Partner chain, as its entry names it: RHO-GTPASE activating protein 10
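Just one chain follows, in the form solved without the partner chain, and it is written as structure tokens.
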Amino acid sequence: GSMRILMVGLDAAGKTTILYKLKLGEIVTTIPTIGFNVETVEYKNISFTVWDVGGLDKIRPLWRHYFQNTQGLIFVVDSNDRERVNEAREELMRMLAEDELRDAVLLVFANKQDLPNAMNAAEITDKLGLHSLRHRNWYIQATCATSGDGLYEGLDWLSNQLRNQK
């Protein structure tokens, strides 16, 4: 068995970029993902099956098909997209309301930190209302997917949540 991780977030957030940076160590050219991409990533001797599911609004209903048995959620946010940060919050809270996910741990990637007007992790925390969450293991990590910055730190937390020993 591997650890089942669902990676979701609005379209353009950087999910597919993150998946292939994590898996392949390269920055891949993408198009908006119509279905899903999937790879198993090994980190510190723990294997994570990461489901990168398309975030275009039209296909957001399909996220629910991936909730079952999910152990960890990676919610990717475009930290430069102030106009849509409340929409990101709404989608996150709609997902967190699901009983199926009540035990899932939540890693938020505050992505695109390379952009000069990016909101930082503290700001994104406020905008997503993370501090109000109850009975939820959660962590927010500032990242730049293209440079790799912050990714392994996110994985450190996620691996620690899901593993029970060295």
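Residue numbers count along the first chain shown, from 1.
- The PDB entry records a higher mean C-alpha B factor for 43 to 51 than for its counterpart among 43 to 51 and 110 to 118.
- Across the two stretches, 66 to 74 and 127 to 135, the PDB entry reports the greater mean Cα temperature factor for 127 to 135.
- When the Cα B-factors of 27, 97, 38, 105 are read from the PDB record, 97 comes out highest.
- For residue 153, the recorded CA temperature factor ranks within the middle third of the chain's modelled residues.
- Among the modelled residues of its chain, residue 34 has a C-alpha B-factor that falls in the highest third, as given in the PDB entry.
- Placement of the Cα temperature factor of residue 56 within the chain: middle third of the modelled residues, per the deposited record.
Keep in mind the form deposited with the partner chain bound is missing from the figure; the text below concerns it.
- 29 is the sole member of 117, 132, 45, 29 with a non-hydrogen atom within 4.5 Å of the partner chain in the bound PDB entry.
- When contacts are judged by a 4.5 Å heavy atom cut-off, residue 98 does not count as touching the partner chain in the bound PDB entry.
- The closest heavy atom approach of residue 157 to the partner chain in the bound PDB entry falls outside 4.5 Å.
- In the bound PDB entry, residue 39 approaches the partner chain with a heavy atom inside 4.5 Å.
- Proximity of residue 139 to the partner chain in the bound PDB entry: non-hydrogen atoms within 4.5 Å are absent; the residue sits far from the partner.
- Using a 4.5 Å heavy atom cutoff, 16, 33 and 66 all lie near the partner chain in the bound PDB entry.
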